Structure formats: C-alpha cells, structure tokens
Colleague: 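The structure that follows is given in the form of structure tokens.
Because only heavy atoms are used, hydrogens play no part in the values below, and waters and symmetry mates are left out as well, while side chains stay in. A, B, ... follow the sequence lines: proteins, then strands. Residue 1 opens every chain.
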There are 2 protein chains.
Amino acid sequence: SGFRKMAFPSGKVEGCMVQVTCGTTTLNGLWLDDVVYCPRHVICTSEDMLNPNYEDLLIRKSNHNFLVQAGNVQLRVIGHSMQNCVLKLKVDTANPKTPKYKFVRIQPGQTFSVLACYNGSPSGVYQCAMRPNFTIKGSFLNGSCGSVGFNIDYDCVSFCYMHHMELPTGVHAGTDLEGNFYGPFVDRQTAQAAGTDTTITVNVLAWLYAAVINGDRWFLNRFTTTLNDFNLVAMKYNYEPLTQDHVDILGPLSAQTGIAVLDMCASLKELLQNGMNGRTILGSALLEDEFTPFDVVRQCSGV
Amino acid sequence: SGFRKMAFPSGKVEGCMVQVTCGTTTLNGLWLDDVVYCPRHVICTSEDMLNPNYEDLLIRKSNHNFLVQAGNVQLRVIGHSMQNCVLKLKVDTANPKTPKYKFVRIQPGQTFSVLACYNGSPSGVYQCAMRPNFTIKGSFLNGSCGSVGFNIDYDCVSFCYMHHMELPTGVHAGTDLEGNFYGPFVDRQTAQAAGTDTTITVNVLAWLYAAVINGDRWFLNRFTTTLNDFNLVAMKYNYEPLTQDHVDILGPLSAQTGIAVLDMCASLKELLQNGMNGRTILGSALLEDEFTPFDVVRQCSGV
Ligand SMILES: C[C@H](NC(=O)[C@@H](c1cccnc1)N(C(=O)c1ccco1)c1ccc(-c2ccccc2)cc1)c1ccccc1
Ligand SMILES: C[C@H](NC(=O)[C@@H](c1cccnc1)N(C(=O)c1ccco1)c1ccc(-c2ccccc2)cc1)c1ccccc1
C-alpha cells in the first residue's frame with residue numbers, strides 16, 4: 001500500500017547526461033549513440049534572448065564552438081545540425097551507456113520522470129505531467145535546460161521531454177527530442193503566457209482509484225452520474241472533459257476496485273462541488289491529476 | 001523556479017539492487033563490495049510471520065539457501081551473517097558498480113530518496129522523510145522489502161534506510177543498513193501501531209521559504225512571534241517543537257529571502273489557526289513537512 005509521486009529510475013538517463021557549453025552559455029545535453037541533443041538556445045548570447053535568429057546564430061558557431069563534456073571528459077564534436085528547437089551535436093564516440101531508447105511525443109495529461117541536471121550532472125528526479133496547456137510544473141533552476149523528461153518501458157527509455165525555458169509564471173516549457181516544443185512556446189524572451197491549466201480529469205479519477213486501493217475511500221458517495229452530467233460539473237471546475245477512452249483507460253482500476261467509473265465521477269463531483277472539508281486523500285488536500293491510470297496500475301502492481 | 005518532490009538520481013543505487021530469494025520468499029538486496037544486505041525476514045516462512053526466532057531460523061539456512069541474483073546472473077554466497085534485522089550475504093564478487101558509500105542512521109524529520117524495487121529491479125524513485133514516529137509514508141507493494149532509502153553527497157551514496165514492512169495503517173517501517181529499525185518496529189506480524197505522526201515544523205518552515213522563493217508569498221502576514229508563543233500553537237496542531245537549531249538551520253533561507261525565521265513562524269501560526277482558505281502553497285493545499293532546509297537549499301541552489 002501507500003502512494004507517492006514516484007519517478008522512473010534515472011540511472012539509464014544519468015549515463016546519457018553530458019554538459020554542453022557554447023561560449024558563456026552552459027546547459028545539459030542528452031548523449032545517445034554518437035549524437036548529443038541540447039536546447040538550441042545554448043548558442044544564444046546576452047542580447048539574443050529577445051528575437052534570436054538561430055539559423056543565423058548557428059552559422060557563427062562550428063563543431064569546435066560546442067564544448068561537449070561527459071563528466072571530466074571532453075567529447076570531439078565531429079558534426080552539428082539544428083532539428084526544430086534542438087541541436088544534434090554528432091560526437092566521434094557512441095555513448096557506451098546508451099540505453100535502448102525511443103523519442104515519443106507525449107499527449108497532454110501523460111506523465112514522465114524529469115532528471116533535473118546542471119552542467120550535465122543529474123541534480124534530482126521527480127515525476128511530471130504534460131499540462132493540458134502543454135506547460136509542465138517542473139523544478140528547474142538556471143542551467144537546468146537540456147534536462148530530459150522520460151518514461152521507461154522495462155529496458156527502453158522513451159525520451160518525451162527536453163527542458164528549454166521557464167515561463168513568466170514559474171511554469172516550464174520545453175520540446176520532445178525531435179525539438180518540437182509542446183504547446184505554442186518558442187525559445188525567445190517574449191510575452192509567453194500559459195493558457196488555462198485544466199485538471200487531467202482521467203488522472204484525478206485514477207488517483208481516487210489509487211486512494212480507494214490504499215484504503216482512503218471516505219470520498220465515496222452512494223451516488224452515480226452520467227458522463228454528460230459529470231462533464232457539465234467538470235467544465236465548471238476547469239476539468240478536462242471525460243471521454244469513453246478515459247472510462248476505458250480507467251477500466252483496469254474499476255475492475256480492480258469493483259467501482260464503476262461513473263460512481264467515481266459521482267464522488268469527484270461531490271469533492272468538486274463540496275471541496276474536501278479539511279479532509280485529505282493520499283496525503284493531499286487537493287485532487288492530484290499528475291498520476292495516469294497507467295501510473296496508478298504501475299505503482300499498485302509493481303511493474 | 002518551481003518546487004517538486006525531488007529524489008536523488010537512483011543510478012548509483014540501481015547498480016547495487018540485487019534479488020534475494022530464500023525458498024518461496026523473494027525480496028531486494030543491496031550489493032555493495034562483496035556483501036548483499038537484505039531484510040532478515042527473507043528467511044521467514046508462511047507461519048513464521050507471528051513470532052519468528054531469526055537466530056533459530058538462520059541455523060536451518062546456509063550460503064546455498066540464499067539465491068542472490070544480480071539481473072540475470074546468480075552470485076556465489078560464500079558466507080552469511082545476521083546484523084540486527086539485516087542479513088549480510090558475503091558474495092565471491094565485489095559489485096563493480098559499488099559507489100563510494102556510507103551507512104548513516106538518519107534523525108526523524110530528515111529526508112531521503114527511496115528506490116522502490118521488486119526482484120532486485122528498480123521500479124520507481126520518490127523522496128521520503130523519516131516521520132517523527134519513525135515510520136515513513138512510502139509507496140511499497142509486496143516484494144518491495146530490501147528497497148533502500150538514501151542521500152547522495154556528490155559521489156557518496158549515504159544509505160539511511162532499508163525497507164522491511166508495511167504497518168496495519170498503510171505506513172512503512174524499516175531499518176538503517178546496520179539493520180536497526182527506526183522506531184519501536186520489529187520484523188514480526190504483531191500489533192505494531194504508529195505513534196502520533198507529528199509535522200516536521202522546521203521542514204514546513206523550509207517549504208514556506210521555498211514557497212516565498214518561488215513567488216508564493218500570499219501566506220506572509222505583517223506579524224512576528226516568539227519561539228515559545230509559536231511552539232504553544234505548534235504543539236496544539238501536533239507540530240514538532242521548534243528549536244534554535246531549527247532557526248539556525250533555517251538561517252540560510254531567512255538570509256536568502258530576507259525574512260526573519262520568527263516572521264515565518266508568524267505566517268505558519270496564521271496558516272495553522274486559519275487553515276489555507278481554499279488557497280494552495282507550492283501546488284499543495286496543506287503544509288508539506290517532507291522537505292528539509294537542506295532539501296530546499298539544494299532544489300533552490302542546484303547542487
Ligand atoms: C525567464 C526565463 N528564464 C530561463 O528560461 C532560465 C531558466 C530558469 C529556470 C528554469 N529553466 C530555465 N534559463 C536557464 O537557466 C539557462 C540558460 C542557458 C542554460 O540554461 C534560460 C535563460 C535564457 C534562455 C534563452 C536565451 C536565449 C534565447 C532563448 C532562450 C533559455 C533558458 C527565460 C529567459 C529567456 C528566454 C525565455 C525564458
Ligand atoms: C502487513 C504487512 N505486509 C508486508 O509487510 C508486505 C509488504 C507490503 C507492502 C509493502 N511492504 C511490505 N511484505 C512483503 O511485501 C514481502 C515479504 C517478503 C518479501 O517482501 C512482508 C510480508 C511479511 C513480512 C514478514 C514475514 C515474516 C516475518 C516478519 C516479517 C515482511 C514483509 C506485514 C506482514 C507480516 C509481518 C509484518 C507486516
């Protein structure tokens with residue numbers, strides 16, 4: 001029993017974190033095979049922040065201008081390219097700690113483990129969700145950039161995120177490892193406001209299912225609801241519209257807890273309409289939406 | 001900016017997690033040098049749970065009865081011993097991924113990263129605190145036992161916890177790597193009730209200091225208090241008595257935020273007396289006490 005904000009083991013990803021220096025600017029790179037992926041804003045200077053032209057900013061840079069350091073060891077950059085908002089620095093040496101890996105682009109509401117890094121050094125690990133506004137409520141300081149979000153499918157590290165920037169609102173924006181920012185964010189120092197941060201309803205339901213599985217069942221009522229009636233109250237509370245997919249995705253937890261998904265929607269409604277009445281669920285005084293149905297299954301089947 | 005429940009990178013500890021089978025029973029072992037540490041209740045059977053005699057239960061067991069598996073590779077157990085509530089299984093092979101390491105016994109209120117394991121396989125990572133009742137509110141399933149809590153001092157993994165058992169209350173009890181349970185817990189299936197789970201006041205203050213550093217400063221009042229007056233209200237709310245050490249330990253955060261520690265105690269008092277009024281601090285609707293002053297410094301200086 002028990003339920004915590006759990007990350008994947010970062011070991012496989014630690015062995016991939018290198019330091020990437022471009023002049024004054026230093027941040028993290030991901031070293032897989034003979035390629036080091038980092039935010040392309042490594043190349044940007046003290047005044048390039050506002051409107052940097054990267055193609056233009058790349059011409060000025062060469063292989064020897066990218067100082068790729070793997071712990072204490074400098075790597076030979078034997079070729080570089082820009083893919084969207086990432087640099088792919090070709091190095092002469094394949095990373096011998098390269099795990100089996102994929103670059104997935106993760107849907108909003110999906111979760112991943114962040115290995116926060118400074119100077120290619122793993123600092124800490126924490127679970128994150130892709131917010132429906134395609135921000136992530138991370139912990140990143142200066143130099144945290146090029147830190148990756150990831151998911152482990154047994155042996156296979158599925159890199160879903162590379163951290164780029166903090167928004168004016170303490171919130172984080174970054175890209176997949178193909179360099180495509182999640183959301184409308186751009187690697188420039190301009191007015192970039194977050195959209196509405198909606199609650200990942202299916203995740204809250206999964207969290208409630210985790211709560212019930214861990215004996216926190218108080219918020220259960222004798223009520224049911226309809227998807228449509230629940231979704232009316234969901235929208236009022238800035239909750240993601242719930243779909244049959246969400247219900248299907250919660251089927252495992254339903255089947256596990258013998259609680260129809262719509263009876264849990266009924267409990268969620270009462271929690272949303274009435275608040276939590278000073279009570280806690282899974283040591284939280286609000287409804288956690290940064291655990292997927294898969295995350296709950298994982299943390300309650302011990303994958 | 002941003003503030004999350006961050007763990008240390010588990011990589012150094014992953015390379016130390018082995019599987020430990022004794023007959024039907026399987027759990028995790030920690031492989032450092034030529035020694036594999038696991039909960040001694042690995043040796044206990046289907047009826048030994050109630051009152052097991054371990055010395056007696058060890059006689060029946062030999063080196064070849066301890067199946068130490070490192071991934072797909074069995075290790076030769078060339079000697080075994082019991083140290084308090086841990087077995088130290090001597091193996092012929094030093095763990096080549098042995099990090100620089102110490103066994104620290106951590107004070108209650110101190111935090112550590114848990115690498116949750118099943119069959120010597122890292123499942124997930126999360127930050128934990130030693131509760132003042134010497135329980136830990138973990139996420140551990142069946143077979144999670146022999147999972148270690150730890151702290152990383154740059155290169156040096158300070159193993160503080162080995163997970164043993166879940167209490168009747170969904171809460172977790174275990175030992176240091178010298179095998180000494182934190183708290184009054186014993187590796188037996190008997191009435192083991194948690195004491196009062198008091199709030200780690202110094203940690204809540206650190207969390208508030210992290211909140212203020214991350215722009216969440218609303219709970220700041222124009223009030224101050226005295227240690228004694230604050231401690232009167234602390235005790236009412238089952239908060240750890242605050243000491244000059246706690247104030248000293250918060251000195252860094254005080255100095256960083258230019259907020260006297262006692263003005264923050266004043267804010268904590270108003271939060272405790274008045275609750276949070278539906279408001280959140282650092283995405284929490286209650287006062288987080290599972291972040292140390294050191295943890296906040298670390299996550300807000302990027303160590
Ligand atoms: C306010 C925000 N502040 C930041 O983003 C902070 C940073 C703070 C904490 C966590 N995450 C990143 N930041 C870093 O820590 C960093 C810089 C280099 C390596 O790391 C950074 C600074 C600059 C850039 C950048 C520069 C040129 C062109 C385009 C972008 C990118 C990141 C920001 C600054 C500038 C632009 C957008 C957002
Ligand atoms: C209720 C509790 N249930 C548990 O503790 C669960 C377990 C569940 C989730 C997380 N953490 C551990 N548990 C395991 O997952 C496990 C067993 C072996 C390897 O792993 C376990 C079962 C048994 C023992 C044990 C056996 C003989 C003598 C003394 C102790 C120890 C652990 C418990 C059972 C028995 C005794 C105390 C507490």
Colleague: Where does B:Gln127 contact chain A at under 4.5 Å (heavy atoms): side chain, backbone, both or neither?
Modeller: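 Backbone only.
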Colleague: Between A:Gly11, A:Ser139, A:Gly143, A:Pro122, which residue shows the highest count of heavy-atom pairs closer than 4.5 Å to chain B?
Modeller: A:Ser139
Colleague: Considering only heavy atoms, which portion of B:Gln299 lies under 4.5 Å from any heavy atom of chain A: side chain, backbone, both, or neither?
Modeller: both
Colleague: Select, from B:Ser1, B:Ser10, B:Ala285, the one with the greatest count of heavy-atom pairs under 4.5 Å involving chain A.
Modeller: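 Ranked by contacts with chain A, first place is B:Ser1.
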Colleague: Can you confirm whether B:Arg4 sits close enough to A:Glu290 that some side-chain heavy atom of one is under 4.5 Å from a side-chain heavy atom of the other?
Modeller: yes
Colleague: Check whether any side-chain heavy atom of A:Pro39 lies under 4.5 Å from a side-chain heavy atom of A:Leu27, and answer yes or no.
Modeller: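 Yes. Closest side-chain heavy atoms under 4.5 Å.
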Colleague: Between B:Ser284 (side chain only) and B:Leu286 (backbone N and O only), is there a donor and an acceptor less than 3.5 Å apart?
Modeller: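 Here the side-chain-to-backbone pair exists.
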Colleague: Could you look at B:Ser123 and say if it's the side chain, the backbone, both or neither that has a heavy atom under 4.5 Å from chain A?
Modeller: both
Colleague: Would a 4.5 Å heavy-atom cut-off, applied to side chains only, mark A:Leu253 and A:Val212 as touching?
Modeller: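 Heavy-atom side-chain distance check fails, nothing below 4.5 Å.
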Colleague: Is there a side-chain contact between A:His164 and A:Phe185 (heavy atoms, below 4.5 Å)?
Modeller: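 Side chain of A:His164 against side chain of A:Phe185, heavy atoms only: no contact under 4.5 Å found.
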Colleague: Can you say whether B:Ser301 sits under 4.5 Å from chain A via the side chain, the backbone, both, or neither, judging by heavy atoms?
Modeller: backbone
